[PDB]
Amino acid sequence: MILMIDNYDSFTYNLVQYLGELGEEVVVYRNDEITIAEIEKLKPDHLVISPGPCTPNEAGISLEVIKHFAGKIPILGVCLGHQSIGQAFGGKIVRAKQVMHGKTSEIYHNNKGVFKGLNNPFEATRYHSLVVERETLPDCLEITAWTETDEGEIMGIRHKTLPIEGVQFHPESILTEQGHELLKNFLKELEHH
């Protein structure tokens, strides 16, 4: 079972529908609607932290959830859950070097984590946002994906020893055919003992 934390976002329906086609059951909450205690009682197999709107925003969402379940349950962060993962492990959220033009990006990657075996580059759509700062990235985080256009930005992070990954692109990118493979990769991950 997948527990998904969003903010009643427009993209959530499409992700829920595809996850059922993979034979996964999903339960959706806003951050105020379930506690750490009740998440533990439900014993989900995966957490997806994807609260929006996906806009420039200094706030970190579900920070206590991410810190508490790090090393208990695999975590995928999308929309603001990507920057929240970065913050939860000591990263800094900063404004990007350039304002992005258009809606699409080529996302290059090092075949690690959820990008394992994906076409390089990964074609995705984007939103305006702050970004994880490369120069101060915590030692326990590794960059898995990035753009080359502008002077480039981090587009994917993963914890070096725990099944926790964040991706910066718009959640609708998960519904492409290569996005389908990215999500499948996440669902393979299991927490260590």
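Counting begins at 1, following the sequence as shown.
Relative to one another, 112 to 120 and 70 to 78 have unequal mean CA B-factors, and 112 to 120 is the one with the higher figure.
For the two regions 79 to 87 and 95 to 103, the entry's Cα B-factors average higher over 95 to 103. Highest C-alpha temperature factor among 165, 40, 133, 45 per the entry: 40. When the CA B factors of the chain's modelled residues are split into thirds, the value for residue 147 lands in the middle one. Annotation for residue 11: C-alpha temperature factor in the middle third relative to the rest of the modelled chain, per the entry. In the PDB entry, residue 50 places in the lowest third of its chain by CA B-factor. Sort the modelled residues of the chain by CA B factor and residue 141 lands in the lowest third. Split the chain's modelled residues into thirds by C-alpha temperature factor. Residue 26 is in the middle one.
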